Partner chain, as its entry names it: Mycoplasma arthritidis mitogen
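A single chain, nothing else alongside it, follows as structure tokens in the form deposited without the partner chain.
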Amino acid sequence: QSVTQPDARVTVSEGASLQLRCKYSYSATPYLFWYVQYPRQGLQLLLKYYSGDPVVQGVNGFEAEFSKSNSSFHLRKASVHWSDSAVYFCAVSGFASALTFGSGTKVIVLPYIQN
């Protein structure tokens, strides 16, 4: 139905937290998703919410919470890895609805360098 990703880009150092904002529009029961696009590959599903517990855990430390009250589906990760650089897309759906995508959010991760 409708999804909004208010930030187009995010720059962050390896080790720090990350929050990618997503707002949705619907009235019914929404099906929510996060997809990730790594360089030189197609979209992949990162996490999804259909029902039950609003906090959903996806691959590699990624988390998202469905909030009906706040009508949000913010994605978070406690400590980002350098390989997390990518474009993240929020999408929404429903019982008799098509899948709709947001404009996406580019995440640039600065790698941590030691000696």
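Positions refer to the first chain, counted from 1.
In this entry, 21-29 has the higher mean Cα B-factor, the comparison being between 21-29 and 90-98.
Of the two stretches examined, 81-89 and 57-65, the record assigns the greater average C-alpha temperature factor to 57-65. Among all modelled residues in its chain, residue 37 ranks in the lowest third by Cα B-factor.
This protein has a second form, the form deposited with the partner chain bound, left out of what is shown; the following refers to that one.
Using a 4.5 angstroms limit between non-hydrogen atoms, residue 26 touches the partner chain in the entry with it bound. Proximity of residue 48 to the partner chain in the entry with it bound: non-hydrogen atoms within 4.5 Å are present. Looking at residue 59, you'd find a heavy atom of it within 4.5 angstroms of the partner chain in the entry with it bound.
Mapping the unseen interface onto this chain, residue 66 falls outside it, with no heavy atom inside 4.5 Å of the partner chain in the entry with it bound. Site residues 31, 52 and 96 are all in contact with the partner chain in the entry with it bound, judged by any heavy atom within 4.5 Å.
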